[PDB]
Asks: 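For reference, the structure I am asking about is given below.
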Amino acid sequence: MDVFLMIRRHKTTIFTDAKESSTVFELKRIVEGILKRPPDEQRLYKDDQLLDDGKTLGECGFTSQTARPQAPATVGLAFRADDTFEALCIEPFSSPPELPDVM
Amino acid sequence: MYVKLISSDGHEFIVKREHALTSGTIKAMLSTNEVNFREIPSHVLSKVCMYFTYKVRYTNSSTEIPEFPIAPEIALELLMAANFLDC
Amino acid sequence: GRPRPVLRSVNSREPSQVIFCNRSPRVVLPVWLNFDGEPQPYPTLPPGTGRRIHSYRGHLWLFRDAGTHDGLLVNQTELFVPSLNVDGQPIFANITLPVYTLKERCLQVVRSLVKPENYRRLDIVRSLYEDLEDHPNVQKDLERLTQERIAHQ
Amino acid sequence: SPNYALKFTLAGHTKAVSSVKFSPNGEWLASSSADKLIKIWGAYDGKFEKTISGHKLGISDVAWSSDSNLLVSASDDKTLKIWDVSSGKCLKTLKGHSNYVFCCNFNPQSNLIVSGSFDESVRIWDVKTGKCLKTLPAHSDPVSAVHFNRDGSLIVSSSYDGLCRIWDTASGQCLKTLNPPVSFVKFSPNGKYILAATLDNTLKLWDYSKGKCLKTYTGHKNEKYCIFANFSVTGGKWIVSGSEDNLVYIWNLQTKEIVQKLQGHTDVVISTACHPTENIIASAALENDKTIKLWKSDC
């Protein structure tokens with residue numbers, strides 16, 4: 001069961017996939033390859049909830065039904081360097097304009 | 001290989017190179033592994049990246065394919081993006 | 001004497017039992033090409049339903065959205081041709097959405113929201129007006145498939 | 001060659017005319033129509049005689065009893081009706097088919113009626129009681145024509161299944177079969193042959209006892225409608241049929257040569273009939289025409 005994700009930090013969004021059976025730790029290894037920060041310098045979140053490295057993505061509620069190619073689920077990302085922890089902060093995307101009269 | 005696609009308002013989208021190459025326009029712009037769009041905003045470009053994931057996953061797949069959803073409020077700018085991107 | 005359309009059913013009179021299986025979210029219109037190549041509409045299939053139907057070997061079928069005539073796929077391709085049943089087993093015609101281009105999907109959505117009279121009230125380039133006005137049509141696919149079949153000759 | 005010429009046009013129906021039949025005594029012409037009416041005409045002068053009504057949908061076919069006193073009709077309303085010609089009274093409604101009834105005939109004794117239906121059956125009815133006596137189900141597509149032979153011991157039927165079946169009246173069992181849809185069949189007036197039409201612009205004469213095709217008639221257009229053909233034997237010996245090019249074709253029965261084409265109708269000529277004692281042909285045409293024509297010849 002593939003799961004499709006947006007990993008978001010500040011004004012950065014990574015599109016990637018994993019399995020429901022993938023661990024949170026294994027997702028950090030995916031992020032490491034892209035962003036070059038090791039798993040122990042990463043914190044991953046689902047909404048406000050800090051995710052436990054050992055738990056599977058499925059156990060955290062990312063399923064093939066909630067994390068779809070055309071509507072991926074969001075994972076928050078924050079970094080740590082030594083004793084300094086960054087807080088989770090995700091900049092929202094822009095907003096569409098008013099719906100035109102003839103729609 | 002990942003590429004970085006940057007929206008008009010500065011949001012960075014990191015996507016598989018194979019996925020971004022769905023668009024011949026992006027392929028040309030890549031010829032850095034980053035592409036700056038001058039008029040595609042983040043809410044549209046994020047929807048375009050979902051399309052790429054959908055297209056690559058469901059192409060050649062010989063399974064039941066779900067609809068690609070588009071909300072009314074985004075449809076007209078997404079159309080313009082799709083036309084520009086030829087995807 | 002005259003050419004006949006290459007896309008037309010063969011009058012085999014050899015029965016073939018088929019399951020039309022609508023694996024799309026659309027209401028599906030089955031279209032049968034008759035022996036002269038004219039498209040004939042058959043009863044529609046709601047989403048998530050399937051029906052066992054009687055057709056014939058060498059008959060030609062296509063499948064469209066019943067309301068918009070968007071093109072659909074059948075066993076991952078445009079045309080479905082029944083063959084002989086083997087071992088008492090019906091033949092499945094698995095109808096699904098194609099992977100539309102993002103542009104075509106956007107055109108489908110905008111068409112569903114704007115009356116054709118009002119397309120040119122939208123604030124986009126003229127070529128997108130013409131794109132919106134170019135509605136789906138089984139004849140397009142018949143033309144396109146015929147040209148492709150000629151290019152493999 | 002005969003010299004048929006147009007004598008009268010009868011313009012009483014308001015939709016396609018499906019069938020014309022001369023009464024065995026020569027006096028009358030019955031017509032049936034998509035307009036749900038039967039009309040009776042003088043056979044010699046085309047004079048309107050009466051309208052006969054009661055069917056709820058269009059009528060495909062009509063046929064006379066041997067004594068010219070009864071008519072049976074076959075309708076889209078799934079029934080047949082037996083009528084008293086003198087009064088116009090519906091004596092019986094024959095209920096049993098489960099879809100349109102296209103064709104009907106009395107046997108020579110006229111104690112039985114045979115019918116053929118879109119429901120792919122041939123049914124045999126008792127005239128006196130109106131009960132269905134037998135249902136003969138072997139055709140696998142609409143039945144286009146049914147006809148008794150000269151002593152009524154055999155029925156011939158034709159069907160879109162491509163087959164002509166000869167049935168034993170008494171038992172109901174099929175005795176013989178004679179590939180495009182067969183649109184018309186009837187026994188010859190002498191009894192030896194069967195005339196069959198198929199939707200490939202072809203009529204064929206069959207020696208059914210021998211199972212052999214003796215003649216083929218072509219030149220006309222018949223690919224869509226079930227067009228009734230006939231034997232003309234009062235003068236010379238001709239085959240007569242309508243056509244989809246709006247003409248009546250007449251062939252020499254032995255040479256298979258076209259000897260006349262009768263011009264005048266403005267739609268498919270679906271029905272032709274030949275008068276039992278004089279050299280008179282009646283023809284009937286579909287929705288762009290809606291008329292009956294009467295034609296007369298010296299031979």
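Proteins come first, then strands; the chains are lettered A, B, ... in the order of their sequence lines, and each starts at number 1. When reading the values below, keep in mind they use all heavy atoms of this one structure, side chains included, and skip hydrogens, waters and symmetry mates.
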Asks: Any non-hydrogen side-chain atom of C:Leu72 less than 4.5 Å from a side-chain atom of C:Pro98?
Replies: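 Side chain of C:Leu72 against side chain of C:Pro98, heavy atoms only: contact under 4.5 Å found.
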Asks: Could you state the interatomic distance from CG (C:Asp134) to CG (C:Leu107), rounded to the nearest 0.5 Å?
Replies: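 Reported value, rounded in 0.5 Å steps: 9.0 Å.
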Asks: What are the two closest heavy atoms between A:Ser21 and A:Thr56, and how far apart are they?
Replies: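 Taking every non-hydrogen atom into account, O-CG2, 3.7 Å.
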Asks: Step by step, work out the ring-ring contact (aromatic ring centres under 6.0 Å, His included) result for C:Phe20 and C:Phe63.
Replies: CA-CA 10 Å; C:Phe20 287 176; C:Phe63 301 84; 5.2 Å; yes
Asks: With B:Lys47 as the cation and B:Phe68 as the aromatic partner, state whether NZ or CZ is under 6.0 Å from the six-membered ring centre and within 45° of the axis.
Replies: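 Geometry flag: set, cation within 6.0 Å and 45°.
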Asks: Ignoring hydrogens, what is the shortest heavy-atom contact between B:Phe52 and B:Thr22? Give both atom names and the distance.
Replies: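 It is CD2-CB, 3.7 Å.
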Asks: Using modelled atom types only, decide if a donor and an acceptor are shared between the side chain of C:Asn137 and the backbone of C:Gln139 within a distance under 3.5 Å.
Replies: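 A pair under 3.5 Å: yes.
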Asks: Give, for atom CZ of C:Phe80 and atom CD1 of C:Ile95, the distance between the pair rounded to the nearest 0.5 Å.
Replies: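 CD1 of C:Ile95 is found 9.0 Å from CZ of C:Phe80.
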Asks: Salt bridge or not between C:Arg111 and C:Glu104? Use side-chain N to carboxylate O under 4.0 Å.
Replies: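 Counted as a salt bridge, because a side-chain N and a carboxylate O are separated by less than 4.0 Å.
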Asks: Return the CG to NZ distance between D:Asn99 and D:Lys78, rounded to the nearest 0.5 Å.
Replies: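 Atom-to-atom, D:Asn99:CG and D:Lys78:NZ are 7.0 Å apart.
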Asks: Are any of the side-chain heavy atoms of D:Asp161 and D:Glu120 separated by less than 4.5 Å?
Replies: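 D:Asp161 vs D:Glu120: side chains apart.
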Asks: Just do the side chain to side chain contact (heavy atoms under 4.5 Å, CB included) check on A:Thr23 and A:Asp53 with the steps written out, would you?
Replies: CA-CA 7 Å; A:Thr23 64; A:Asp53 274 346; over 6 Å; no
Asks: Checking B:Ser7 side chain against B:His11 main chain: does a donor-acceptor pair fall under 3.5 Å?
Replies: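 Yes, the answer is positive, given that a donor and an acceptor are paired below the 3.5 Å cut-off.
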Asks: When you measure from the side chain of C:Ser12 to the backbone of C:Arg57, do you find a donor-acceptor pair of N or O atoms at a distance under 3.5 Å?
Replies: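 Such a contact is found between C:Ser12 side chain and C:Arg57 backbone.
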Asks: Please walk me through it: do C:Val6 and C:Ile150 pass side chain to side chain contact (heavy atoms under 4.5 Å, CB included)?
Replies: CA-CA 9 Å; C:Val6 310; C:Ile150 274 157; 5.6 Å; no
Asks: Could you check whether any side-chain heavy atom of B:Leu5 comes within less than 4.5 Å of a side-chain heavy atom of B:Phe37, counting everything from C-beta outward?
Replies: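 Side chain of B:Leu5 against side chain of B:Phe37, heavy atoms only: contact under 4.5 Å found.
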Asks: Taking all non-hydrogen atoms of both residues, which atom of B:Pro66 and which atom of B:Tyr54 are closest, and how far apart?
Replies: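 Looking at all heavy atoms of both residues, the closest pair is O-OH, 2.6 Å.
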Asks: So that I can tick it off, tell me whether A:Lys28 and A:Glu32 are bridged by a salt bridge, with the cut-off set at under 4.0 angstrom between side-chain N and carboxylate O.
Replies: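 No, this pair does not count.
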Asks: Do D:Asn222 and D:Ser183 come within less than 4.5 Å of each other through their side chains, counting heavy atoms only?
Replies: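 Result yes, sub-4.5 Å side-chain heavy-atom pair found.
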Asks: Could you check D:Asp267 against D:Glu287 for side chain to side chain contact (heavy atoms under 4.5 Å, CB included), going step by step and ending with a plain yes or no?
Replies: CA-CA 7 Å; D:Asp267 211 347; D:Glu287 310 74 24; 3.8 Å; yes
Asks: Main chain of B:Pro41, side chain of B:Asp9: is a donor-acceptor contact present, judged purely on distance under 3.5 Å?
Replies: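 No; zero donor-acceptor contacts below 3.5 Å.
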Asks: Taking the six-membered ring for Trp and the full ring for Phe, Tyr or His, determine whether the centres of C:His59 and C:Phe35 are under 6.0 Å apart.
Replies: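 Ring centroids of C:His59 and C:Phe35 are less than 6.0 Å from each other.
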Asks: List the atom of C:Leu122, the atom of C:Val114, and the distance in Å for their closest heavy-atom pair.
Replies: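 For C:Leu122 and C:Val114, the tightest heavy-atom pair comes out as CD2-CG2, 4.3 Å.
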Asks: For residues C:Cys21 and C:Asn94, determine if any side-chain heavy atom of one lies less than 4.5 Å from a side-chain heavy atom of the other.
Replies: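 In contact.
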Asks: Any side-chain heavy atom of C:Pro30 sitting closer than 4.5 Å to one from C:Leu45?
Replies: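 A side-chain contact exists here, since the closest heavy-atom pair is under 4.5 Å.
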Asks: Would a 4.5 Å heavy-atom cut-off, applied to side chains only, mark A:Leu27 and A:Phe62 as touching?
Replies: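 With C-beta onward as the side chain, the pair stays apart.
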Asks: With side-chain hydrogen bond (donor to acceptor under 3.5 Å, both in side chains) as the criterion, how do D:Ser60 and D:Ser18 come out once you've worked through the C-alpha distance, each side chain's angles and the decisive distance to 0.1 Å?
Replies: CA-CA 5 Å; D:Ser60 215; D:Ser18 56; 5.5 Å; no
Asks: Between C:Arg120 and C:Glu133, does any NZ, NE, NH1 or NH2 come within less than 4.0 Å of an OD or OE carboxylate oxygen?
Replies: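 Judged by the 4.0 Å cut-off on N to carboxylate O distance, C:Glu133 and C:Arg120 do form a salt bridge.
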Asks: Side-chain donor-acceptor contacts of residues 71-87 of chain B below 3.5 Å, not counting sequence neighbours, with atom names and distances?
Replies:
residue, atom, partner, partner atom, Å
B:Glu77, OE1, B:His43, NE2, 2.8
B:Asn83, OD1, C:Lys103, NZ, 3.0

Asks: For the side chain of B:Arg38 and the backbone of B:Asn36, is there at least one donor-acceptor N/O pair under 3.5 Å apart?
Replies: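 Checked: no pair found.
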Asks: Return the minimal non-hydrogen interatomic distance between D:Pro180 and D:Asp200, and the atom names on each side.
Replies: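 Minimum heavy-atom separation between D:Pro180 and D:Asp200: CG-OD2, 3.3 Å.
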Asks: Output yes when A:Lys19 and A:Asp2 qualify as a salt bridge under the 4.0 Å nitrogen-oxygen rule, no when they do not.
Replies: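 Answer for the salt bridge query: yes.
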Asks: Mind running side chain to side chain contact (heavy atoms under 4.5 Å, CB included) on C:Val74 and C:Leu79 for me, showing each step along the way?
Replies: CA-CA 7 Å; C:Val74 51; C:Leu79 276 282; 5.7 Å; no
Asks: Would a distance-only check, ignoring hydrogens and angles, find a side-chain to backbone donor-acceptor pair under 3.5 Å from B:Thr63 to B:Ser61?
Replies: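 No: the side chain of B:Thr63 does not pair with the backbone of B:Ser61.
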Asks: Salt bridge or not between B:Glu67 and C:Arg105? Use side-chain N to carboxylate O under 4.0 Å.
Replies: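 Salt bridge flag = yes for C:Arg105 with B:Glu67.
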Asks: Would you say the side-chain atoms of C:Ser9 pair up with the backbone N or O of C:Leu60, donor to acceptor, closer than 3.5 Å?
Replies: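 Checking the backbone N and O of C:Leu60 against the side chain of C:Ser9, a donor-acceptor pair under 3.5 Å is found.
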Asks: Write down the atom of C:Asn75, the atom of C:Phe92, and the distance for their closest heavy-atom approach.
Replies: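 Looking at all heavy atoms of both residues, the shortest contact is ND2-O, 2.9 Å.
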Asks: Are side-chain N/O atoms of C:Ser24 and C:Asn22 paired as donor and acceptor at under 3.5 Å?
Replies: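 Checked: C:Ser24/C:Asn22 side chains pair up, N/O donor to acceptor below 3.5 Å.
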Asks: Within a radius of less than 6.0 Å around CD of C:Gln40, do more than 12 heavy atoms belonging to other residues, nucleotides or ligands occur?
Replies: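 Buried by this count: over 12 neighbours within 6.0 Å.
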Asks: Does a salt bridge link A:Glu91 with A:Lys11, judged by any charged N lying under 4.0 Å from a carboxylate O?
Replies: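 No salt bridge links A:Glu91 with A:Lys11.
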Asks: Taking the side chain from B:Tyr2 and the backbone from A:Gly33, do they hold a donor-acceptor pair closer than 3.5 Å?
Replies: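 No; zero donor-acceptor contacts below 3.5 Å.
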Asks: Hey, what do you get for CE (A:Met6) to SG (B:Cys49), rounding to the nearest 0.5 Å?
Replies: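 A:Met6 atom CE to B:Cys49 atom SG measures 10.0 Å (nearest 0.5 Å).
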Asks: Could you check whether any side-chain heavy atom of A:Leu57 comes within less than 4.5 Å of a side-chain heavy atom of A:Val24, counting everything from C-beta outward?
Replies: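 The answer is yes; the side chains approach within 4.5 Å.
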Asks: May I ask you to check whether over 12 heavy atoms, not counting those of D:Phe118, lie within 6.0 Å of atom CZ?
Replies: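 No, CZ of D:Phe118 has 12 or fewer neighbouring heavy atoms, counting only those of other groups under 6.0 Å.
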Asks: Does the C:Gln89 side chain pair with the main chain of C:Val86, one donor and one acceptor, at a distance under 3.5 Å?
Replies: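 Judged by distance alone, yes, a pair lies under 3.5 Å.
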Asks: Check whether C:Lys140 reaches the backbone of C:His135 with its side chain - one donor and one acceptor, N or O, closer than 3.5 Å.
Replies: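 Yes; at least one donor-acceptor contact below 3.5 Å.
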Asks: Salt bridge or not between B:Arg57 and A:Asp17? Use side-chain N to carboxylate O under 4.0 Å.
Replies: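 No, this pair does not count.
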Asks: Fit a plane to each ring of C:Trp32 and C:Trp61, take the angle between them on a 0 to 90° scale, and name the class: parallel (under 30°), tilted (30 to 60°) or perpendicular (over 60°).
Replies: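 Plane angle between 30° and 60°, so tilted.
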Asks: So, is the end of the A:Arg37 side chain (NZ or CZ) under 6.0 Å from the ring centre of A:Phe79 and within 45° of the ring's axis?
Replies: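 Positive - A:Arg37 is close enough to the ring of A:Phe79 and near enough to its axis.
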